[PDB]
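Comments concern the structure below.
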Amino acid sequence: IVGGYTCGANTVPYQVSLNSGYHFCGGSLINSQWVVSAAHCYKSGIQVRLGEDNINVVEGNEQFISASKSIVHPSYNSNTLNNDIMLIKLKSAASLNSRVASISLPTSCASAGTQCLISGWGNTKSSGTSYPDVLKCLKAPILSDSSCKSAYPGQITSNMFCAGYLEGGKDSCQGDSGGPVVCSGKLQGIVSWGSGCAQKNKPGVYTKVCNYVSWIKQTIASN
Ligand SMILES: [Ca+2]
């Protein structure tokens, strides 16, 4: 997250870190057994880390649970990032508590102009590289479809939305991928892509989670 703030330990209790020997992507806990992340975060051999603040210090509220299964969306296209969503099943259910908690899936799609909370352990620099150890947060508004398509002509599908600031300076970034965009208390987006981070006229692009609720629900009813 570039231009964000330190969230505060365990104030984003649905945020997970996906670990394959190192943090590589975020995700969102949607119930005690399942995480939503980005399909482009797929790796074999994923451990889900819940209850994290500093991902490099065991502070005492973590749960580390291996994935048993990952399910990339059936229509994921890694070239365009259309349908950039994945489900990860935990080997064992998380113990839900004040620090480890699920986020609701949406009923309705979020509205342009809504300010959402985006969070992660990704890079904090637009030019260059610095990865934080503690979780960072950003409030960013959803942009209109027309503005999103202007920013990325021929690239935006109906399964994506933009959020952020066209002046630059505030955005998600590498290593935030797969993490949550929460709007009105529901998971509305997944950190997916963008041109660089926090560059002028190049806002973040997010997987539109409200288009996937029926897939998510049928898949978790079946696995
Ligand atoms: Ca930790």
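Here's how to read the names in the structure tokens: chain A, B, ... by the order shown, residue numbers from 1 in each chain, ligand numbers from 1 in the order shown.
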
**Item:** Within 6 Å of ligand 1, counting only C-alpha atoms and all ligand atoms, residues as number ranges by chain
**Value:** A: 52-59

Would you save the residues of that selection, restricted to C-alpha atoms, as a JSON list (two decimals), in the first residue's frame?
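Contents of result.json, as written:
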```
[["chain", "number", "residue", "atom", "x", "y", "z"],
["A", 52, "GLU", "CA", -1.25, -11.22, 11.71],
["A", 53, "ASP", "CA", 0.01, -7.78, 12.31],
["A", 54, "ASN", "CA", 3.82, -7.90, 11.95],
["A", 55, "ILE", "CA", 4.34, -10.72, 9.45],
["A", 56, "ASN", "CA", 7.99, -11.11, 10.59],
["A", 57, "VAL", "CA", 7.32, -11.45, 14.36],
["A", 58, "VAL", "CA", 5.18, -14.07, 16.04],
["A", 59, "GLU", "CA", 3.22, -11.77, 18.36]]
```

**Message:** Show me, as a ChimeraX atom specification, the residues that have an atom within 12 Å of residue 70 in chain A when counting only C-alpha atoms, minus same-chain residues fewer than 5 positions from it.
**Reply:** /A:18,33-48,85-91,219-220,223

Can I get the selection written as an mmCIF file, in the first residue's frame, with N, CA and C atoms?
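Saved result, result_38.cif, follows:
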```cif
data_model
loop_
_atom_site.group_PDB
_atom_site.id
_atom_site.type_symbol
_atom_site.label_atom_id
_atom_site.label_comp_id
_atom_site.auth_asym_id
_atom_site.auth_seq_id
_atom_site.Cartn_x
_atom_site.Cartn_y
_atom_site.Cartn_z
ATOM 1 N N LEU A 18 -0.890 -14.827 2.786
ATOM 2 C CA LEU A 18 -0.586 -16.148 2.163
ATOM 3 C C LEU A 18 0.933 -16.281 2.143
ATOM 4 N N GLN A 33 -13.478 -21.710 7.243
ATOM 5 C CA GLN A 33 -12.726 -22.697 6.453
ATOM 6 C C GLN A 33 -12.224 -22.140 5.099
ATOM 7 N N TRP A 34 -12.568 -20.896 4.708
ATOM 8 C CA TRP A 34 -12.349 -20.448 3.339
ATOM 9 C C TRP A 34 -11.874 -19.038 3.264
ATOM 10 N N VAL A 35 -10.874 -18.878 2.355
ATOM 11 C CA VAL A 35 -10.271 -17.582 2.038
ATOM 12 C C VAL A 35 -10.511 -17.265 0.579
ATOM 13 N N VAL A 36 -10.832 -15.983 0.271
ATOM 14 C CA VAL A 36 -10.907 -15.487 -1.078
ATOM 15 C C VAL A 36 -9.602 -14.722 -1.343
ATOM 16 N N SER A 37 -8.961 -14.954 -2.481
ATOM 17 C CA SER A 37 -7.780 -14.238 -2.907
ATOM 18 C C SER A 37 -7.851 -14.059 -4.400
ATOM 19 N N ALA A 38 -6.762 -13.595 -4.992
ATOM 20 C CA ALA A 38 -6.694 -13.428 -6.449
ATOM 21 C C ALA A 38 -6.182 -14.705 -7.101
ATOM 22 N N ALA A 39 -6.734 -15.084 -8.243
ATOM 23 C CA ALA A 39 -6.177 -16.264 -8.985
ATOM 24 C C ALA A 39 -4.709 -16.001 -9.337
ATOM 25 N N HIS A 40 -4.289 -14.761 -9.636
ATOM 26 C CA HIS A 40 -2.882 -14.613 -9.994
ATOM 27 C C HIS A 40 -1.971 -14.826 -8.804
ATOM 28 N N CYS A 41 -2.523 -14.964 -7.587
ATOM 29 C CA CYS A 41 -1.755 -15.347 -6.395
ATOM 30 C C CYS A 41 -1.598 -16.868 -6.301
ATOM 31 N N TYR A 42 -2.164 -17.660 -7.198
ATOM 32 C CA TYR A 42 -1.999 -19.085 -7.065
ATOM 33 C C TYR A 42 -0.504 -19.519 -6.969
ATOM 34 N N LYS A 43 -0.300 -20.401 -5.970
ATOM 35 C CA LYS A 43 1.028 -21.088 -5.818
ATOM 36 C C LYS A 43 0.645 -22.429 -5.259
ATOM 37 N N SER A 44 1.528 -23.447 -5.448
ATOM 38 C CA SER A 44 1.147 -24.757 -4.822
ATOM 39 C C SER A 44 1.537 -24.687 -3.338
ATOM 40 N N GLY A 45 1.010 -25.415 -2.363
ATOM 41 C CA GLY A 45 1.967 -25.137 -1.081
ATOM 42 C C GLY A 45 1.867 -23.722 -0.290
ATOM 43 N N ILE A 46 0.681 -23.374 -0.094
ATOM 44 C CA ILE A 46 0.234 -22.144 0.539
ATOM 45 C C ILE A 46 -0.078 -22.437 2.019
ATOM 46 N N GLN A 47 0.473 -21.617 2.915
ATOM 47 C CA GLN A 47 0.004 -21.615 4.292
ATOM 48 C C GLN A 47 -0.715 -20.308 4.512
ATOM 49 N N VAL A 48 -1.895 -20.410 5.118
ATOM 50 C CA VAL A 48 -2.683 -19.192 5.408
ATOM 51 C C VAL A 48 -2.342 -18.717 6.811
ATOM 52 N N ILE A 85 -9.856 -14.310 -9.350
ATOM 53 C CA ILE A 85 -10.395 -14.683 -8.027
ATOM 54 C C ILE A 85 -10.090 -16.155 -7.881
ATOM 55 N N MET A 86 -9.835 -16.521 -6.617
ATOM 56 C CA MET A 86 -9.509 -17.874 -6.230
ATOM 57 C C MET A 86 -10.127 -18.080 -4.865
ATOM 58 N N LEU A 87 -10.469 -19.337 -4.570
ATOM 59 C CA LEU A 87 -10.792 -19.776 -3.202
ATOM 60 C C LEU A 87 -9.737 -20.673 -2.678
ATOM 61 N N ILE A 88 -9.449 -20.536 -1.392
ATOM 62 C CA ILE A 88 -8.479 -21.361 -0.703
ATOM 63 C C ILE A 88 -9.210 -21.981 0.472
ATOM 64 N N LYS A 89 -9.189 -23.325 0.523
ATOM 65 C CA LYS A 89 -9.794 -24.017 1.701
ATOM 66 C C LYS A 89 -8.701 -24.295 2.680
ATOM 67 N N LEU A 90 -8.983 -24.083 3.957
ATOM 68 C CA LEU A 90 -8.043 -24.348 5.078
ATOM 69 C C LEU A 90 -8.129 -25.836 5.461
ATOM 70 N N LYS A 91 -7.017 -26.433 5.821
ATOM 71 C CA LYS A 91 -7.026 -27.800 6.296
ATOM 72 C C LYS A 91 -7.903 -28.007 7.508
ATOM 73 N N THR A 219 -19.402 -23.229 -4.802
ATOM 74 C CA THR A 219 -18.179 -23.943 -4.696
ATOM 75 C C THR A 219 -17.988 -24.349 -3.202
ATOM 76 N N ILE A 220 -18.276 -23.443 -2.259
ATOM 77 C CA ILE A 220 -18.088 -23.829 -0.872
ATOM 78 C C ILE A 220 -19.146 -24.826 -0.414
ATOM 79 N N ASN A 223 -17.290 -28.407 -1.585
ATOM 80 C CA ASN A 223 -15.839 -28.663 -1.310
ATOM 81 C C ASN A 223 -15.515 -28.427 0.116
#
```

**Message:** Taking 2 positions as the minimum chain separation for residues in the same chain, which residues sit within 7 Å of range 153-169 of chain A when counting only C-alpha atoms? Answer as a list in words.
**Reply:** residues 2, 3, 82, 83, 140, 141, 142, 143, 145, 148, 149, 150, 151, 171, 198, 199, 200, 201, 202, 203, 204, 205, 206, 207, 208 and 211 of chain A

**Asked** Excluding same-chain residues fewer than 3 positions from residue 188 in chain A, what lies within 6 Å of it counting only C-alpha atoms, as a count of residues only?
**Response** 3

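Relative to CA of residue 63 in chain A, CA of residue 16 in chain A is found at 9.9 Å.
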